[PDB]
Amino acid sequence: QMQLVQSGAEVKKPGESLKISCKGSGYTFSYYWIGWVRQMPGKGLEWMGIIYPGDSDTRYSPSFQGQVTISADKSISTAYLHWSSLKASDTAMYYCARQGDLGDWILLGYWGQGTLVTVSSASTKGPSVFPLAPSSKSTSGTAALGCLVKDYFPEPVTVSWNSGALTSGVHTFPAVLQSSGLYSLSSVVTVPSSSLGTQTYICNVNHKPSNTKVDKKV
Amino acid sequence: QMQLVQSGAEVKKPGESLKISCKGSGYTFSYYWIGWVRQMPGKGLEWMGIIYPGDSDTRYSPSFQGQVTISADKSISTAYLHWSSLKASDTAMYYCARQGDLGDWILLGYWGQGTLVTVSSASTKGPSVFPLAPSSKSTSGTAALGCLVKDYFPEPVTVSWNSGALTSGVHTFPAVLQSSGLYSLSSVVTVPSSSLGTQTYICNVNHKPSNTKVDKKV
Amino acid sequence: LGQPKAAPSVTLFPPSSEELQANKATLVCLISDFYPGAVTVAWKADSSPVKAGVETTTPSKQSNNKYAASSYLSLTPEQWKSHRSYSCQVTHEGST
Amino acid sequence: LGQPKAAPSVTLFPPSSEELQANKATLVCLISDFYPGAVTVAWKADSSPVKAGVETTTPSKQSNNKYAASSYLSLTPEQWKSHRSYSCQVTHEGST
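Header annotation of the entry names cryo-EM as the structure determination method and lists the resolution as 3.83 Å.

Here it is, written out as structure tokens:
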């Protein structure tokens, strides 16, 4: 069975080389053109270049001529993708494709799994939780309690209530990219005004890239 | 070797029974008179009564005839001190003494380690750590950073820095008994002004009776 | 296909005490439960338009076919106590 | 006798932020490095004596043969912002 296996996720910093791999099996790795396709988060597909397993016949994209080099090892039937002097704009998803038994020589009918590269050279700030106090001066309507997550570089941030309790009412809003490069989101919960602090009404914010366990009530 | 070991510190509320113990070893616990001496904070010694391990021959103080009862267990060689209907003025330091090989039968040449007995109407409550920000508006001299521990009933509270680091400069001040019955202490460290937050300058406050692990930086 | 129109939210929280007492301040206005993904948030300080340090996006909440919004007004804590409570204007379809 | 007298150290910290978030305030004045175990702390609010909610003791620090002191002035956060910064008076032997 023909299948393409790639390397795991690699997290590095700009100014350091990177060489991912993508091995193909189940077919003769001498006649099928191997290439790479770049996909930025939220953008379309971007082609960089292709290689031939038999002999070195490399045709790179006009916008990726000297920005990236592609190579392969015919002895082990594995293709590589080497980088040099990475930049902050190189964070994107990369795939390895090959031609099929029918179509053109750059049809790229088959694909792999995907190797996510991210450098994003910045300052990883620790998230500071600020409990958003409800409208204690005007209890007209329904009470709303929450916490303010701010000053954090990594976008993925999970926020729960009472170790995962209180499923109904909690609505998590996506963060916004500020000018300083740090994101900020807010999560509240719609609760009756007569139920101020039922059990604890405590926030639970977790941050994996920094390993900060901050728990604060309101 | 003759030695007297007592029980741990007991903290209760007025209107509750209490029975502390004090075990003696290293000698024949059948002929040495055992007694108890009360010492109020800032006051002198107060004798309550004595007991005999062989037979129950109790001679109580004229001011402590029915106010307190003393007992012992000859089978395990341990003396007891049971209370009934404690009051607000019963909080004091209690010792267990025994007669020596020379002198009178109430000489009490040997003593124990001491058991801290405190009683108050207030209940236990977890302390709230407040990071005392240094003099950022006036850096003249040496910087001083610390945290404010307040609103805690139990007196024993251990405060460390960086999981026990920064031994020099830290000076822990004893707490003060407020009118509400809750204590409050403060611990600061003398650091140079040009070294604001060397590694983390994080406080570490531990509270065993409430099991509250509060770690916060400043 | 889409979903019929709805009414956005005007949820506005005052500056939290933990950030207000510090050398910082941030006004958080929550806008959600609206289908048309087109809304511009304008801040005012006692009938005076102020647009210093404001960012607003329009993401998608969930598969409920409606979008959400969030705005943050960063300023100094002394500026908050110098005037009254700020107001959050949605300008989705009309004055709200 | 034989222990020389030492001037007490004055270290008055402003009210912290985490204690000033809600309706709470506490002034903390640290006095230490003095041999004579006799000192009374007097608080003043812009040349006006204030003795509302003040407690002070004189414990022993360690085997260094000198004593320490601590005072706490609890009040409302509105009272703190109504005047200037408070002052801590030692009155150990003279005006300090």
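What's the story with the overall build of chain A in this structure? I'm lost.
Summing up its helical and strand segments, chain A has zero helices and 17 strands in all. For a compact globule of 218 residues, the expected C-alpha radius of gyration is about 17 Å, and chain A comes in at 24 Å, more than 25% above that figure. In chain A, which comprises 218 residues, the share counted as buried stands at 40%. Counting only contacts in chain A whose residues sit at least 6 apart along the sequence, the fraction spanning at least 24 positions is 56%. By element, 52% of the accessible surface of chain A is carried by carbon and sulfur atoms, the whole surface being about 11,700 Å². If the 17 positive side-chain charges of chain A are averaged to one point and the 12 negative ones to another, these points end up 11 Å apart.

For this particular structure, what's the right way to read the interface of chain B and chain D?
Quite often, the size of an interface is put as the accessible area lost when its parts meet. Of the residues lining the interface, 19 residues belong to chain B; the matching set on chain D comes to 18 residues. In total, chain B and chain D occlude about 1,700 Å² of area from one another, counting both sides; carbon and sulfur atoms represent 70% of this. Among the residues of chain B in contact with chain D, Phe130, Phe173 and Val176 of chain B are the three that bury the most area, contributing 29% of the side total. Counting every contact that joins chain B to chain D gives one salt bridge.

How do you make sense of the pairing of strand β4 (residues 34–39) of chain B when you look at a structure like this?
Regular strands place side chains that alternate from one sheet face to the opposite one. All names here are of chain B. Most of β4 sits out of view: five of its six residues are buried. Inspection of the sheet shows β4 paired to strand β5 (residues 45–51) by six bridges, in the antiparallel sense. The partner of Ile34 across the bridge, within β5, is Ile51. Counting the residues between successive antiparallel strands, the hairpin from β4 to β5 contains five residues, one of them, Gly42, with a positive phi of roughly 90 degrees.

Help me understand the packing of aromatic side chains, please; the structure alone is not making it clear to me.
Aromatic ring pairs are defined here through the distance separating the ring centres and the angle between the ring planes. On inspection of all chains with the given rule, the structure shows 14 aromatic pairs over all chains. An angle of 85 degrees between the planes, with centres 5.4 Å apart, marks the rings of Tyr27 of chain B and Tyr32 of chain B as edge-to-face. One exposure class covers both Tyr27 of chain B and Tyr32 of chain B, and it is buried. Aromatic ring contacts, followed pair by pair, group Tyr27, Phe29 and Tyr32 of chain A into a single cluster. The ring of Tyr110 of chain A has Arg98 of chain A lying over it, and the distance from NZ or CZ to the ring centre is 4.9 Å.

Please clarify how the side chain of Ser184 of chain A should be interpreted in this entry.
In this fold, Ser184 of chain A is placed in strand β15 (residues 183–191). Looking at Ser184 of chain A, the relative accessible area reads 0%, which means it is buried. A polar contact of 3.1 Å, which involves the side chain of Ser184 of chain A, links it to the backbone oxygen of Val149 of chain A. Not counting residues up to four positions away in its chain, the partners in contact with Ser184 of chain A are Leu148, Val149, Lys150, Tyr152, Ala175, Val176 and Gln178 of chain A together with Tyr72 of chain C.

How should the sheet that holds strand β3 (residues 42–44) of chain D be read in this particular structure?
Hydrogen bonds between backbone groups are what pair the strands of a sheet, and the pairing can be parallel or antiparallel. Residue and element names in this part refer to chain D. Pairing is antiparallel across the open sheet formed by three strands, whose spatial order is β4-β3-β7. With one partner strand each, in any of the chains shown, β4 (49–50) and β7 (87–89) form the two edges of the open sheet. Of the strand pairs in this sheet, β3 and β7 are connected by three bridges, and their pairing is antiparallel. Residue pairing for β7: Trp43 is matched across the bridge by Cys88.

Just checking my understanding: could you explain the state of the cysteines for this structure?
Any covalent bond linking the sulfur atoms of two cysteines counts as a disulfide. Residue and element names in this part refer to chain B. Counting across every chain of the model gives six disulfides over all chains. Residue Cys22 pairs covalently with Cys96 via a disulfide, S to S 2.0 Å. As the torsion about the S-S bond is roughly 85 degrees, the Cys22-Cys96 disulfide counts as right-handed. Here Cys96 lies in strand β9 (residues 92–98) and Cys22 lies in strand β3 (residues 18–25), a separation of 74 residues in the sequence. The exposure classification of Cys22 matches that of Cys96, with both residues buried. Here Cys147 engages in a disulfide with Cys203; their sulfurs sit 2.0 Å apart. One quick way to see it: the torsion about the S-S bond of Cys147 and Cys203 is about 90 degrees, and its sign makes the bridge right-handed. Here the residue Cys147 occupies a position in strand β12 (residues 143–152), and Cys203 occupies one in strand β16 (residues 202–207), the gap between them amounting to 56 residues. Assigning the bonded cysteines of chain A consecutive numbers by sequence position, one obtains the connectivity 1-2, 3-4.

Thresholds, definitions, all that
- Residues numbered from 1 in each chain as written, not as in the entry; some residues may be left out.
- Chains lettered and ligands numbered in written order.
- Part of a larger assembly, values for the part shown.
- Heavy atoms only, no water.
- Helix = DSSP H or I, 4+ residues; strand = E, 2+ residues; numbered from the N terminus.
- Rg over C-alpha atoms; globule rule 2.2 N^0.38 Å.
- Buried < 20%, exposed > 50% of the residue type's maximum accessible area, 1.4 Å probe, protein only.
- Contact = heavy atoms within 4.5 Å.
- Areas by Shrake-Rupley, 256 points an atom, 1.4 Å probe, with all protein chains shown as cover.
- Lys, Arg positive; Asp, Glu negative; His and termini not counted.
- Charge placed at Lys NZ, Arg CZ, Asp CG, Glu CD.
- Buried area = accessible area lost by both parts, 1.4 Å probe.
- Salt bridge = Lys/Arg side-chain N within 4 Å of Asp/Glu carboxyl O.
- Pairing = 2+ DSSP bridges.
- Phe/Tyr/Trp six-rings, centres within 6.5 Å; stacked < 30°, edge-to-face > 60°.
- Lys NZ or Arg CZ within 6 Å of the ring centre and 35° of its normal.
- Polar contact = N/O pair within 3.5 Å; in protein donor to acceptor, adjacent residues only side chain to side chain.
- Disulfide = S-S within 2.5 Å.

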